[PDB]
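Participant: Before I ask anything, here is the structure I am working with.
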Amino acid sequence: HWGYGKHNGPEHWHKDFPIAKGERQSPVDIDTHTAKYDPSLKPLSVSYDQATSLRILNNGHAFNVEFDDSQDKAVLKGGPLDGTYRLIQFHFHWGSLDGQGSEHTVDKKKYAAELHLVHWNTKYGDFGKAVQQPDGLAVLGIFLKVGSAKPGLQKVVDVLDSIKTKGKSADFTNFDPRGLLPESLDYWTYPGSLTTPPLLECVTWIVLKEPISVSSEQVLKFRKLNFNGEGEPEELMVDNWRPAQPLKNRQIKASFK
Ligand SMILES: NS(=O)(=O)c1ccc(NC(=O)NCCCCO)cc1
Ligand SMILES: NS(=O)(=O)c1ccc(NC(=O)NCCCCO)cc1
Ligand SMILES: [Zn+2]
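Everything in the sequence shown is counted per the UniProt record's numbering, starting at 4 for the first residue and increasing by one.
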């Protein structure tokens, strides 16, 4: 099926997912000078105090930390959003080298990795219905650069040995996603898509200006994961990012000047 190799990578996805060539595909390059400041944008409201993480899963393309989304326990509101969006999972995209790995770029700059905190609009009842709607999801994207360690990431890093291969899951309770946030919640926003098949055009993207810094050892541990299942030939889970797609008829808005 689809993946990030030579024969199934992003340039091939359109053959099974023709929306790959659609009008609101993600990620994009964020040209910071042509983004328009919008004073009518509200600050983001991140309410993660009651978040309930449940488990961590290697799905063969990344690893997802999954949350209980059966109540308004961890929600995103405000910003460009109307209504309440519930956190369902977070995951990352990263590179084989510190010089690449992010999906969004900032004036063509690639970061070492990118965190996606995935939320769905509660007016649609569940994630499966939300992805069928143009305003169904809100993904908070946070860039990772290599520098000092991020202490709040370490519990993620340490469990990865237990989910090395595709299909492996592990209990992962009591993780606080607030430990992954930068100091500032200044953001860019634009309408886009899932960045993996099925590439559905259902996402309000909210990309934070301020990256978090993680240590070289932390991101090295991401690169020890496998795309393959256990007992299959080993292919390191690296470069699981889609490159920037045409902005087409879209304007990126900034919450800041
Ligand atoms: N459009 S897509 O989803 O990126 C895609 C690309 C390749 C394939 N299939 C494929 O490569 N099959 C042959 C695998 C031989 C490697 O052992 C399926 C889907
Ligand atoms: N990288 S991203 O744009 O934040 C993203 C988030 C969730 C998903 N989830 C997903 O595809 N789930 C499969 C079932 C719903 C799609 O029919 C995919 C990509
Ligand atoms: Zn993602």
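Ideal Cβ placement from N, Cα and C applies to all residues, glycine included.
Who are the near neighbours of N229 in its chain, counting only those whose CB is closer than 8 Å to its CB and skipping five residues on each side?
Facilitator: In the sequence shown, residue 229 corresponds to position 226, counting from 1. Closer than 8 Å at the Cβ level, and outside the excluded window around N229, lie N61, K167, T168, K169, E237, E238, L239 and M240.
Participant: Would you mind reading off the limits of the beta strand (DSSP E) that contains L60?
Facilitator: Translated into the one-based positions of the sequence shown, residue 60 becomes position 57. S56 to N61 is the span of the beta strand (DSSP E), which, as asked, contains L60.
Participant: Using a Cβ distance threshold of 8 Å, determine whether the region 112-125 contacts the region 85-102, with at least three qualifying pairs required.
Facilitator: Yes, since at least three Cβ pairs between the region 112-125 and the region 85-102 fall closer than 8 Å, the two stretches touch.
Participant: Can you tell me whether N252 is buried or exposed, with buried defined as 16 or more other CB within 10 angstroms of its CB?
Facilitator: Start at 1 with the first residue of the sequence shown, and residue 252 comes out as number 249. Per the 10 Å Cβ criterion, exposed.
Participant: Going by DSSP in three states, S219 sits in which element: helix, strand or coil?
Facilitator: Indexing the sequence shown from 1 puts residue 219 at position 216. Helix, per DSSP.
Participant: Exposed or buried, what is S99 when buried is set at 16 or more other beta-carbons lying within 10 Å of its beta-carbon?
Facilitator: Position 96 of the sequence shown, counting from 1, holds the residue named residue 99. Classification for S99: exposed.
Participant: Going by DSSP, name the residue or residues bridged to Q92.
Facilitator: What you label residue 92 is simply residue 89 of the sequence shown in a count that begins at 1. For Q92, which the question treats as bridged, DSSP gives the partners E69 and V121.
Participant: Taking the straight line between their C-alpha atoms, what separation do you get for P13 and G82?
Facilitator: Translated into positions along the sequence shown, residue 13 becomes position 10. Translated into positions along the sequence shown, residue 82 becomes position 79. The alpha-carbon atoms of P13 and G82 are separated by roughly 30 Å.
Participant: With a Cβ-Cβ cutoff of 7 Å, do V109 and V206 count as a contact?
Facilitator: Counted from its first residue, the sequence shown places residue 109 at position 106. Counted from its first residue, the sequence shown places residue 206 at position 203. Cβ distance not < 7 Å, so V109 and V206 don't count as in contact.
Participant: What's the gap between the Cα of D129 and the Cα of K45?
Facilitator: Position 126 of the sequence shown, counted from the start, is the residue given in the question as residue 129. Position 42 of the sequence shown, counted from the start, is the residue given in the question as residue 45. If I take the Cα positions, the gap works out to 25 Å.
Participant: With a threshold of 6 Å (Cβ to nearest heavy atom), would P201 be considered close to ligand 2?
Facilitator: The residue given as residue 201 occupies position 198 in the sequence shown. Yes.
Participant: Mind checking whether the beta-carbon of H122 lies closer than 6 Å to any heavy atom of ligand 2?
Facilitator: On the sequence shown, position 119 is the one that residue 122 refers to. Incorrect: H122 has no Cβ contact closer than 6 Å to ligand 2.
Participant: Are the beta-carbon atoms of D174 and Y7 separated by less than 7 Å?
Facilitator: Here residue 174 refers to the residue found at position 171 when the sequence shown is read from its first residue. Here residue 7 refers to the residue found at position 4 when the sequence shown is read from its first residue. Taking 7 Å as the Cβ cut-off, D174 and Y7 do not qualify as a contacting pair.
Participant: If I measure Cβ to Cβ from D41 and keep anything under 6 Å in the same chain, skipping five residues before and after, which residues do I get?
Facilitator: The sequence position of residue 41 within the sequence shown is 38, counting from 1. Excluding residues within five positions, the ones whose Cβ falls inside 6 Å are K256.
Participant: Cβ of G155 within 7 Å of Cβ of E117?
Facilitator: Here residue 155 refers to the residue found at position 152 of the sequence shown. Here residue 117 refers to the residue found at position 114 of the sequence shown. Against a cut-off of 7 Å, the Cβ pair of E117 and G155 comes out as no contact.
Participant: Look up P194 in the DSSP assignment and give the residues it is bridged to.
Facilitator: By one-based count along the sequence shown, residue 194 stands at place 191. Its beta-bridge partners are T207.
Participant: Could you pull the start and end residues of the alpha helix (DSSP H) that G144 belongs to?
Facilitator: As a working mapping, residue 144 is identified with position 141 in the sequence shown. It is not in any alpha helix (DSSP H) - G144 instead sits in the beta strand (DSSP E) that spans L140 to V149.
Participant: As a quick exercise: from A65, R27, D19 and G104, pick the residue whose alpha carbon is nearest that of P246.
Facilitator: Position 243 of the sequence shown, counted from the start, is the residue given in the question as residue 246. Ranking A65, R27, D19 and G104 by Cα distance to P246 puts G104 first.
Participant: Looking at the secondary structure, which residues open and close the alpha helix (DSSP H) in which residue 1 lies?
Facilitator: An answer regarding residue 1 cannot be provided, because it is not within the stretch 4 to 260 covered by the chain.
Participant: Below 6 Å, is the gap between the Cβ of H15 and the nearest heavy atom of ligand 1?
Facilitator: Numbered from its first residue, the sequence shown carries residue 15 at position 12. Yes, the Cβ of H15 comes within 6 Å of a heavy atom of ligand 1.
Participant: Hey, is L84's beta-carbon within less than 7 Å of any beta-carbon in chain D?
Facilitator: Within the model displayed, chain D is absent; a lone protein chain is all it includes.
Participant: For the alpha helix (DSSP H) containing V162, list its first residue and its last residue.
Facilitator: Along the sequence shown, one-based indexing puts residue 162 at 159. From DSSP, the alpha helix (DSSP H) with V162 extends over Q157 to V162.
Participant: Could you give the distance in angstroms between the alpha-carbon of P214 and the alpha-carbon of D138?
Facilitator: In the sequence shown, counting from the first residue as 1, residue 214 sits at position 211. In the sequence shown, counting from the first residue as 1, residue 138 sits at position 135. C-alpha separation (whole angstroms): 25 Å.
Participant: Quick one: what does DSSP say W97 is sitting in, helix, strand or coil?
Facilitator: Here the question's residue 97 lines up with position 94 in the sequence shown. It is a strand residue.
Participant: Take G232 as the anchor and find which of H17, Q157 and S165 has the nearest alpha-carbon.
Facilitator: What you label residue 232 is simply residue 229 of the sequence shown in a count that begins at 1. The shortest C-alpha separation from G232 is found at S165.
Participant: Are three or more beta carbon pairs between the region 68-76 and the region 189-203 nearer than 8 Å?
Facilitator: Short answer: they don't touch.
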